[PDB]
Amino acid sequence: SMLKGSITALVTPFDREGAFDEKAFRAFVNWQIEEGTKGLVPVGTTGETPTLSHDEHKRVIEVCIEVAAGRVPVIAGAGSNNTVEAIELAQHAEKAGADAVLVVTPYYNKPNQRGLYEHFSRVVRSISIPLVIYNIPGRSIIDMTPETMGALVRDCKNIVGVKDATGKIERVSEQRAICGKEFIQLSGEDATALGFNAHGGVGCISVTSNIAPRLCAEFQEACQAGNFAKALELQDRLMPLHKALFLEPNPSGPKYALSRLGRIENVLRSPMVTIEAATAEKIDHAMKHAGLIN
């Protein structure tokens, strides 16, 4: 569809006082597109949605859509562990001109499969734009089974794919069998994007592409062209950065990395915190390996 390739899970930059840095964000989103990013996810996991006010949440989406200017799809984060709240966020994303919404499995309250089916069927029926399921047991603890995901694709037209952050690559095969070959599967993990694409993925909603949008865009292009030899060469270049970016909790690593490129301030909101020196040095080394700094 339009949902393929390297799609950046955008950091939300803050200034030296913790306010939304709209100026850095505008320049950053433009840089991303110039470097070959195929899509943008504002206010996701990596955007520190939890610490944004309701107004900041709306504003980051609006600015993201305005700078994109139709050049690349905007898949707005619209996640909540409250079905009524996720409806409101998804409708506001659509009204604001989002191309699609990314809707996480409810976190903290740990619903069963019936509850997941109800949550996703009610959210997608509230809107007219495509919905991507965001399955991340490592943050929501519960796990949408391929069977539940199949029931939702069968029953709901606008459920078009998954951000699959299970890190269990056999799921790509099971989801392909049950949801079909047209079901849009996007890696939710940078380090396993390569194998994810071999099992039938068509892209990655990426943290690393915040830092290396061009190499990540080329890596994804290589996978979609079937040039796995080139993709593996690019994996050898990026894997140190895939690893170093996650030594500390996301998006501490990415925000340090983007500050080291001079593009944002190294600032996060409690309970997220700046990385220690030792992490910062492993991220610098990984950025040299990848050729992003001399």
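A residue's number is simply how far along the shown sequence it sits, counting from 1.
Remark: of 104, 186, 127, 116, 127 shows the highest value [criterion: C-alpha B-factor in the PDB entry]. In the PDB entry, residue 259 places in the highest third of its chain by CA B-factor. Among the modelled residues of its chain, residue 60 has a C-alpha B-factor that falls in the highest third according to the deposited record. Sorting the modelled residues of the chain by their CA temperature factor places residue 212 in the middle third.
Placement of the Cα temperature factor of residue 176 within the chain: lowest third of the modelled residues, per the deposited record.
For residue 167, the recorded CA B-factor ranks within the middle third of the chain. Only modelled residues enter the ranking.
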